[PDB]
Amino acid sequence: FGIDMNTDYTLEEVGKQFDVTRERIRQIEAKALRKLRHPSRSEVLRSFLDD
Amino acid sequence: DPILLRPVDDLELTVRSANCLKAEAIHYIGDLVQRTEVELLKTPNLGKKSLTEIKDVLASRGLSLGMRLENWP
């Protein structure tokens, strides 16, 4: 995303940054998202979705 | 307590321990904490590191093994 930086990047630029293909980067992003989806890192976060 | 009937989903455990407990098939911890140390070491292909991890996640929330319960679940 563009979280606390300039422009967000495509997956390929990220793999560039870490010397990986974009598929490696998709795996990393999906694992981080799965980690964050669980509460105890996501209670307040999901409360930001006030609904 | 709402938490020992809270699944091992939300223990924030590693997936190796996931395989171990799926084999054991203990979803909630209300029956988990009544089980002892050797009752956890009866796991298939499970050793020191995963079980130290599980006691870690227990003492993060103030519990451990061997506890006693009543009418559970």
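Think of each number as a place in line: the chain as shown, counted from 1.
The deposited model was determined using electron microscopy, 3.4 Å.
Each residue, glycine too, has its Cβ placed from N, Cα and C.
These features come from Swiss-Prot:
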- B:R16: ADP-ribosylarginine (MOD_RES)
- B:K48: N6-acetyllysine (MOD_RES)
- B:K49: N6-acetyllysine (MOD_RES)
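Comparing B:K48 (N6-acetyllysine) with the residue listed as 'ADP-ribosylarginine', their Cα atoms are 12 Å apart once rounded.
Each of the modified residues B:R16, B:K49 was scored by the number of other CB atoms within 10 A of its CB, and the lowest score belongs to B:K49. Across the structure, B:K49 (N6-acetyllysine) and B:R16 (ADP-ribosylarginine) are spaced 10 Å apart at their Cα atoms. Using a 10 Å Cβ-Cβ cutoff, B:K48 (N6-acetyllysine) registers 8 neighbours.
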